[PDB]
Structure formats: structure tokens, C-alpha cells
There are 2 protein chains.
Amino acid sequence: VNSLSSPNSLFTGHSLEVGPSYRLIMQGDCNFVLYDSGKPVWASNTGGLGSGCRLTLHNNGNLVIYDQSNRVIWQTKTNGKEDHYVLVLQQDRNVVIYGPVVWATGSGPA
Amino acid sequence: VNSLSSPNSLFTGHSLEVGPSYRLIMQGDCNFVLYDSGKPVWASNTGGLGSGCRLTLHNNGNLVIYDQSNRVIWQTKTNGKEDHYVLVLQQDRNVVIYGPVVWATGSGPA
Ligand SMILES: OC[C@H]1O[C@H](O[C@@H]2[C@H](O)[C@@H](O)O[C@H](CO)[C@H]2O)[C@@H](O)[C@@H](O)[C@@H]1O
Ligand SMILES: OC[C@H]1O[C@H](O[C@@H]2[C@H](O)[C@@H](O)O[C@H](CO)[C@H]2O)[C@@H](O)[C@@H](O)[C@@H]1O
């Protein structure tokens with residue numbers, strides 16, 4: 001999967017991936033990093049600032065990293081209209097937050 | 001991959017997938033269908049209306065299916081602000097168009 005929809009989280013050790021070289025991972029050392037064939041090309045630069053951290057995209061568009069103590073250690077500060085948003089690791093290697101909802105099939109949640 | 005970012009297209013026979021059971025495919029018979037473990041649960045209902053068809057998400061948020069003759073055979077008619085949008089097959093099985101851009105790492109296009 002290469003997307004994370006609000007208000008869900010990407011937990012410790014989990015990643016968004018776009019084969020065969022792109023991996024955006026919420027690391028166990030709290031750093032949120034994008035690797036291109038093993039080389040880090042973007043990151044929140046929060047390594048060592050915690051453990052058991054998670055990445056959460058909120059229903060207002062704000063992206064945040066919480067540590068084990070459930071505290072904020074990094075955020076995009078993009079507080080907009082209450083709706084639904086999505087974070088996407090794209091095939092062009094860009095990582096983007098899109099929203100609000102424009103249209104939906106309604107085939108889910110199911 | 002389970003997303004399509006504007007202004008790109010999903011060409012004939014190609015799909016967005018969220019393992020292990022969700023498959024959203026632009027079929028060779030021009031129908032755009034979402035299958036859950038082989039069972040169709042949503043579709044544009046455009047089968048038989050063309051061949052060599054493609055699904056395109058525009059930079060204004062409109063989602064369209066063009067036939068081989070490059071004509072419109074189905075669309076969401078969601079014409080909004082000029083920016084960038086994304087179509088996503090979610091793990092909760094919903095298919096959603098999100099936009100405009102809220103934030104981006106700028107790690108792409110690369
Ligand atoms: O509409 C797109 C939206 O659908 C699902 O969210 C639900 C809808 O917003 C609506 O049915 O209200 C529900 C809460 O009562 C809400 O969960 C999800 O698939 C969501 O991700 C999607 O953006
Ligand atoms: O900003 C998010 C956006 O980035 C990339 O699109 C580019 C930007 O809009 C900006 O750099 O202008 C470019 C055209 O001059 C445009 O391509 C893509 O990654 C896009 O999908 C993403 O939404």
C-alpha cells in the first residue's frame with residue numbers, strides 16, 4: 001500500500017511502498033524516512049527522539065508523529081476543514097497530502 | 001500501487017490494488033470495476049461501450065474514462081480548482097478522489 005487515509009496511523013516499523021525502490025517508513029527510532037533504493041532522500045529528521053512512535057494523518061489534514069508517551073514530536077501544522085484527507089507516496093517519488101474529499105464510490109468502509 | 005495522481009491515467013488492463021482482495025481495474029471492454037475477491041462491488045457500468053479505454057484523473061479533480069476514439073464515455077463531473085488531485089483505492093474498500101494539495105515533501109518528481 002502506498003497511501004494512508006485520515007484518521008488512520010502508520011505504526012512503528014510499518015511503511016508505505018511504491019515498488020521497486022520507494023519506501024516511506026515510520027521507524028522504530030521515531031524517524032519518518034523516505035528511502036530510494038536504500039538511500040534516504042527525505043525525512044522528518046526525528047530519529048532518536050523517541051520509540052514506539054506512530055505517524056497520524058488527521059481528518060483536518062494535519063500530519064503528526066507521536067512518540068511512545070503519546071506526545072507530538074513533529075507535525076506539518078496543516079489544520080484545515082474537518083473532512084477526510086490522504087497521504088500518498090507517489091510513483092514520481094513525491095509524498096503528498098491531498099484533501100478534502102472531492103468524490104467517493106461509497107464502496108467502503110466494508 | 002493503490003493510487004492514481006492527476007493528471008495521469010490508468011491504461012487498459014491496468015489496476016489499482018490493495019491486497020489481498022481489492023482490485024480496481026480499467027478493463028479492456030471499457031468498464032471500470034472494483035472487485036472484492038473476484039466479485040464486482042462497484043463499477044462505472046461502461047462495459048461494452050468501447051475498447052482500448054483509459055481512466056484519467058484531471059488536475060481539476062474530474063475523473064474520466066476515454067474510449068479508443070479519445071471520446072468521453074463516463075465522468076464524475078467534479079470540476080474544481082486547478083491544482084493536483086489523487087484517486088485512491090483504500091484499505092477500507094472505498095474509492096476516493098482527494099484534493100487539492102495540502103502539503104508535499106517535494107521529494108519528487110524524481
Ligand atoms: O466520503 C469519503 C470517505 O468515506 C469514508 O468516511 C465516511 C464518510 O465520510 C461518511 O460515510 O461518514 C462516515 C462517518 O459517519 C465516514 O467514516 C471513508 O472511506 C473515508 O476514508 C473517505 O474519505
Ligand atoms: O506539490 C505537490 C505536487 O508536486 C508535483 O507537481 C508539481 C508541483 O505542483 C510544482 O512543482 O509544479 C510542477 C509543475 O511546474 C508540478 O508538476 C507532483 O508530485 C504532483 O503529483 C504533486 O501533487
# chains A, B, ... in the order shown; residues from 1 in each chain; ligands from 1

call {"tool": "residues_near_ligand", "arguments": {"ligand": "ligand 2", "cutoff": "8 Å", "atoms": "only C-alpha atoms and all ligand atoms", "output": "PyMOL selection string"}}
result
(chain A and resi 90+92-96+98) or (chain B and resi 5-7+83-86+100-101+103-106+108-109)

call {"tool": "residues_around", "arguments": {"residues": "segment 21-37 of chain A", "least_positions_apart": "3", "cutoff": "12 Å", "atoms": "only C-alpha atoms", "output": "VMD selection string"}}
result
(chain A and resid 1 to 4 9 to 18 40 to 56 63 to 69 71 to 75 87 to 96) or (chain B and resid 1 105 to 108 110)

call {"tool": "write_last_selection", "arguments": {"atoms": "C-alpha atoms", "output": "PDB file, in the first residue's frame"}}
result
ATOM      1  CA  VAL A   1       0.000   0.000   0.000  1.00  0.00           C
ATOM      2  CA  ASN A   2       1.291   3.490  -0.772  1.00  0.00           C
ATOM      3  CA  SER A   3      -1.339   5.604   0.988  1.00  0.00           C
ATOM      4  CA  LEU A   4      -2.566   6.450   4.487  1.00  0.00           C
ATOM      5  CA  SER A   9      -1.906   5.856  11.572  1.00  0.00           C
ATOM      6  CA  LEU A  10       1.230   4.207  10.223  1.00  0.00           C
ATOM      7  CA  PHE A  11       2.623   2.361  13.235  1.00  0.00           C
ATOM      8  CA  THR A  12       6.202   1.618  14.273  1.00  0.00           C
ATOM      9  CA  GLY A  13       8.126  -0.332  11.660  1.00  0.00           C
ATOM     10  CA  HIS A  14       5.397  -0.011   9.033  1.00  0.00           C
ATOM     11  CA  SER A  15       5.839   1.619   5.624  1.00  0.00           C
ATOM     12  CA  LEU A  16       4.123   2.914   2.508  1.00  0.00           C
ATOM     13  CA  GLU A  17       5.765   1.485  -0.591  1.00  0.00           C
ATOM     14  CA  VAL A  18       5.838   2.002  -4.338  1.00  0.00           C
ATOM     15  CA  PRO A  40      17.372   8.388   2.451  1.00  0.00           C
ATOM     16  CA  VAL A  41      16.100  11.256   0.296  1.00  0.00           C
ATOM     17  CA  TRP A  42      13.659  12.847   2.749  1.00  0.00           C
ATOM     18  CA  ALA A  43      12.854  12.642   6.443  1.00  0.00           C
ATOM     19  CA  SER A  44      11.175  14.329   9.386  1.00  0.00           C
ATOM     20  CA  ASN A  45      14.634  14.197  11.000  1.00  0.00           C
ATOM     21  CA  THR A  46      13.213  12.878  14.269  1.00  0.00           C
ATOM     22  CA  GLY A  47      15.439   9.859  14.758  1.00  0.00           C
ATOM     23  CA  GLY A  48      16.481   9.254  18.351  1.00  0.00           C
ATOM     24  CA  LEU A  49      13.693  11.482  19.676  1.00  0.00           C
ATOM     25  CA  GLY A  50      11.602   8.560  20.877  1.00  0.00           C
ATOM     26  CA  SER A  51      10.466   4.967  20.414  1.00  0.00           C
ATOM     27  CA  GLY A  52       7.198   3.166  19.689  1.00  0.00           C
ATOM     28  CA  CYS A  53       6.297   6.200  17.586  1.00  0.00           C
ATOM     29  CA  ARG A  54       3.429   6.435  15.099  1.00  0.00           C
ATOM     30  CA  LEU A  55       2.536   8.693  12.168  1.00  0.00           C
ATOM     31  CA  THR A  56      -1.036  10.002  12.083  1.00  0.00           C
ATOM     32  CA  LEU A  63       0.124  15.106   9.726  1.00  0.00           C
ATOM     33  CA  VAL A  64       1.767  14.310  13.070  1.00  0.00           C
ATOM     34  CA  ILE A  65       4.298  11.955  14.645  1.00  0.00           C
ATOM     35  CA  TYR A  66       3.545  10.907  18.232  1.00  0.00           C
ATOM     36  CA  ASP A  67       6.097   9.255  20.495  1.00  0.00           C
ATOM     37  CA  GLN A  68       5.546   6.422  22.954  1.00  0.00           C
ATOM     38  CA  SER A  69       4.469   8.970  25.574  1.00  0.00           C
ATOM     39  CA  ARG A  71       3.311  13.421  22.684  1.00  0.00           C
ATOM     40  CA  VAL A  72       3.826  15.398  19.481  1.00  0.00           C
ATOM     41  CA  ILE A  73       7.405  15.369  18.214  1.00  0.00           C
ATOM     42  CA  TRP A  74       6.817  16.559  14.635  1.00  0.00           C
ATOM     43  CA  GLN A  75       3.939  17.915  12.564  1.00  0.00           C
ATOM     44  CA  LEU A  87      -1.140  10.907   2.497  1.00  0.00           C
ATOM     45  CA  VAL A  88       0.385   9.363  -0.615  1.00  0.00           C
ATOM     46  CA  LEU A  89       3.835   8.113  -1.594  1.00  0.00           C
ATOM     47  CA  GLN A  90       3.656   8.638  -5.362  1.00  0.00           C
ATOM     48  CA  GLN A  91       5.335   6.827  -8.227  1.00  0.00           C
ATOM     49  CA  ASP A  92       7.089  10.116  -9.063  1.00  0.00           C
ATOM     50  CA  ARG A  93       8.618   9.848  -5.564  1.00  0.00           C
ATOM     51  CA  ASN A  94       6.806  12.880  -4.143  1.00  0.00           C
ATOM     52  CA  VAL A  95       4.989  12.419  -0.800  1.00  0.00           C
ATOM     53  CA  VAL A  96       1.762  14.405  -0.711  1.00  0.00           C
TER      54      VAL A  96
ATOM     55  CA  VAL B   1       0.056   0.668  -6.206  1.00  0.00           C
ATOM     56  CA  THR B 105       7.730  16.866   0.763  1.00  0.00           C
ATOM     57  CA  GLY B 106       8.958  17.885  -2.660  1.00  0.00           C
ATOM     58  CA  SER B 107      10.976  14.660  -2.848  1.00  0.00           C
ATOM     59  CA  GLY B 108       9.535  14.263  -6.324  1.00  0.00           C
ATOM     60  CA  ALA B 110      12.368  12.419  -9.289  1.00  0.00           C
TER      61      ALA B 110
END

call {"tool": "closest_residue", "arguments": {"among": "B:99, B:39, B:81, B:20", "to": "ligand 1", "atoms": "only C-alpha atoms and all ligand atoms"}}
result
B:99

call {"tool": "select_by_dssp", "arguments": {"residues": "chain B", "states": "strand (DSSP E or B)", "output": "PyMOL selection string"}}
result
chain B and resi 3-5+9-10+15-18+22-26+32-36+39-43+54-57+63-66+72-75+86-89+95-98+101-104

call {"tool": "atom_distance", "arguments": {"atom1": "atom CA of residue 62 of chain A", "atom2": "atom CA of residue 102 of chain B"}}
result
8.9 Å

call {"tool": "atom_distance", "arguments": {"atom1": "atom CA of residue 8 of chain A", "atom2": "atom CA of residue 57 of chain A"}}
result
6.2 Å

call {"tool": "atom_distance", "arguments": {"atom1": "atom CA of residue 59 of chain A", "atom2": "atom 23 (O, counted along the ligand's line) of ligand 1"}}
result
8.9 Å

call {"tool": "closest_residue", "arguments": {"among": "A:80, A:38, A:58, A:70", "to": "chain B", "atoms": "only C-alpha atoms"}}
result
A:80
